[PDB]
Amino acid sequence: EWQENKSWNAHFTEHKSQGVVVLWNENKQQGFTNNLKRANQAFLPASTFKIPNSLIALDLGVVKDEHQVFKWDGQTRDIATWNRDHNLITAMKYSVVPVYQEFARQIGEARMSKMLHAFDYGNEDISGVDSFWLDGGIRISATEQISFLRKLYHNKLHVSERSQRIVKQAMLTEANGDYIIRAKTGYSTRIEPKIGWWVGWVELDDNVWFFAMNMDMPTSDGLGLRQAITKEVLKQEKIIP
């Protein structure tokens, strides 16, 4: 069912970095990783939390839809792309923390807690309300990411079908005549080790490949590798050209 493929370590090594890639071939009901232990190591979700955050916000009417505008509170921050108005689409695309802090506040630790349980999301621990996924108690592994994503793909999370379709739309990262990628980036720097995340899936004509990957991210220089390494692995297994 699960199989180690240590040959993928080469892809981490050649960029002088450590980390895990987990693939799941949906049709064959089989999974593949370069490191079974790290694949099961839990980390802070960072901006990958914006998936379940988005879903809970939508199901509760905190977000009416994906066109609804979230007004810049007018305070400049370090990320240029955060200093302007956003909708759920641009909120996810640009990982706009303040917008999701604001959703989290309206959602409320009571309901957020209930929902993460119902989702079976990582360790279901909200030790913090407006920061817990950045610097608090919540932890999720690569394989628990796949598990959550697989439920989102088949509209099996304990929220309305609409809420899921909207979040999957919002996850749209890349598409052409070969594949569709739906995914969410993450960068956790508050608690060591500093890691990059890329979780989502590859839609083909006739199969779906789910992916969760995290890698050591000591410096923000490496961030390009989250996508590049996952893709190098997807190329190798002839999932994309």
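Quick note: we count residues from 1 along the sequence shown, nothing fancier.
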Item to check | Gap size, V129 back to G128 (deposited sequence, no coordinates) | outcome: 1 to 3
Checklist entry - Which has the higher mean CA temperature factor in the PDB entry, 63-71 or 173-181? => result 63-71
Checklist entry - Comparing 81-89 with 129-137, which stretch shows the greater average C-alpha B-factor in the deposited entry? => result 129-137
Checklist outcome for this item: For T143, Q164, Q106, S95, the deposited C-alpha B-factor is largest at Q106
Checklist outcome for this item: Note to self: of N155, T76, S147, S113, the C-alpha temperature factor tops out at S113
Checklist entry - Going by the entry, which third of its chain does the Cα temperature factor of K50 land in? => result lowest
Checklist entry - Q29's Cα B-factor: lowest, middle or highest third of the chain? => result highest
Checklist entry - Compared with the other modelled residues in the chain, in which third is the CA B-factor of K231? => result middle
Checklist entry - Compared with the other modelled residues in the chain, in which third is the CA B-factor of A10? => result highest
Item to check | Cα B factor band for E192 (lowest, middle or highest third within the chain) | outcome: middle
